[PDB]
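Shown below, as C-alpha cells, is a lone chain in the form deposited in one PDB entry; questions about how it binds or moves come after it.
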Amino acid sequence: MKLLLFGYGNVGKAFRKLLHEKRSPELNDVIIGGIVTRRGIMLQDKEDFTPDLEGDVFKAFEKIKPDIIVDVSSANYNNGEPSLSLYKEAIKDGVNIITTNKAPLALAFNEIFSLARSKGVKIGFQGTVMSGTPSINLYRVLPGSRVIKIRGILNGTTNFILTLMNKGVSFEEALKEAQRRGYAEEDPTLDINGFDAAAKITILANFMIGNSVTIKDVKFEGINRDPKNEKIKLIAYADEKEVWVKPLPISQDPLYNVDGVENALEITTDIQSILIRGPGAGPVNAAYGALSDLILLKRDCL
C-alpha cells in the first residue's frame, strides 16, 4: 500500500513520525511513496524534506501512482484547489483519500462522497473535526443513529486564545503562542474569523445530519479583540433546519469548562444525547486522526 503525502507542515511531519512509531503490526505494508510540498516532490520517505524534482501535486500523483492520498495541505476556501480537483482525479482512478484538510469537503461534500461511492473509494476525514478526538469516527461507531442536532466548540485556536487572555495574556501574544504550538491555520485569520469552525460544522451537518450544505451558505463569525464578566465561547451548531457559528456567553452549560485547546461535541440522536471532549488542535493530535483513519482503512472499516 503506497501513500502520497500531500503536505509536510506540522501535521504531515507528525503523521510520518506516528506512522514510523506505530508501524507494528498492522501498517508494515504501508509505505510513503512520496511527499509533496510547495517546494517540490520528494520520492522517498525521509524525516527531512529534500525535493528530488520540481512539480505540483498532479505530477507527484502521476509519478508515484499511489493507493491512497493523505491530504495534509493547507485550506483554500475560495475554490478548494488544488485538493478538490486532485480528489476528483484520485477517485476516478480508484485511489482512496485520507484528509485533515477541511476545504474540499466543506465546499463540495455531497459531490465528493457521491463520486467516491460510485467508484467504491474510501474517504477518511477524522482529522478535519476535533483532530484526534473521535468525531467523524465516533459517528462510525454509532450506526443506525439518526442525528437530530449537534452543538460544540470546534476551533482549538480561538478557544486557546480566550483561555490565555484571562490568564493576563494579550490577544497578539495568545495568537503567537497558538502558532508556536502549531494550533493555527497557515492563514491564522481562518481561525479568527470563524472560517475553520464553520468548515467543521458544515462537514458534520453533511455527514451526521444528512443536510446537504456548503460553507458558502453557512452564517458565521469569529472572536473579538475584546469580556472579564462572563465566559465567551465560539459555538457551532447544526440541526435539520439551521447551521451557524457565533461567539456566545456560556452559563456556569456542559461546554463551560471546555478550556485551552480543548474542543467538545454534543450529539443528539433518536436514541440519546452524547458529548465527547478532547484536544481540538495540535499537530500530533490531527496526525493521529489521520493515522486512525489509515488503520481503519487497513481494516476495511472506513
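Just so we're on the same page, rigid core means the largest C-alpha set that superposes within 1.5 Å between forms. Numbers for residues come from their place in the sequence shown, where the first is 1.
For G94, the fraction of other compared entries lacking coordinates, among those that model flanking residues, is zero, nowhere near a third.
Looking at the other PDB entries for this protein, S170 is absent from the model in a third or more of those that include the residues around it. Per the record, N28 and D29 are directly connected, as no deposited residue between them is missing from the model.
Where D226 is followed by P227 in the displayed chain, the model omits 1 to 3 of the deposited residues that sit between the two. In this entry, 20 to 28 shows the higher mean Cα temperature factor of the pair 280 to 288 and 20 to 28. Averaged over Cα atoms, the B-factor as recorded in the entry is higher for 229 to 237 than for the other of 229 to 237 and 261 to 269. Residues shown: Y139, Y87, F220, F125. Highest C-alpha temperature factor in the entry: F220. Sorting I112, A199, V169, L190 by the CA temperature factor given in the entry leaves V169 at the top. Split the chain's modelled residues into thirds by C-alpha temperature factor. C301 is in the middle one.
Annotation for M1: CA B-factor lies in the highest third of the chain's modelled residues. Sort the chain's modelled residues by C-alpha temperature factor and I98 lands in the lowest third, per the entry. Residue-level temperature factors show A60 in the middle third of its chain, judged at the C-alpha atom.
For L275, the recorded CA temperature factor ranks within the lowest third of the chain's modelled residues.
Omitted here: the form deposited in another entry. The next part is about that form.
For the residue set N110, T214, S74, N166, core-aligned C-alpha shifts between the shown form and the other one reach 2 angstroms or more at a single site, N166.
A movement of the C-alpha atom of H20 falling short of 2 angstroms is seen between the shown form and the other one when the two forms are aligned on their rigid core. Core-superposed comparison between the shown form and the other one: CA of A178 displaced by 2 Å or more. Annotation for the pair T99/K176: C-alpha atoms recede from each other in that other deposited form, by 3 Å or more compared with this form. Pairwise change in that other deposited form: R23 and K46 C-alpha atoms lie farther apart than in the shown form, at least 3 Å.
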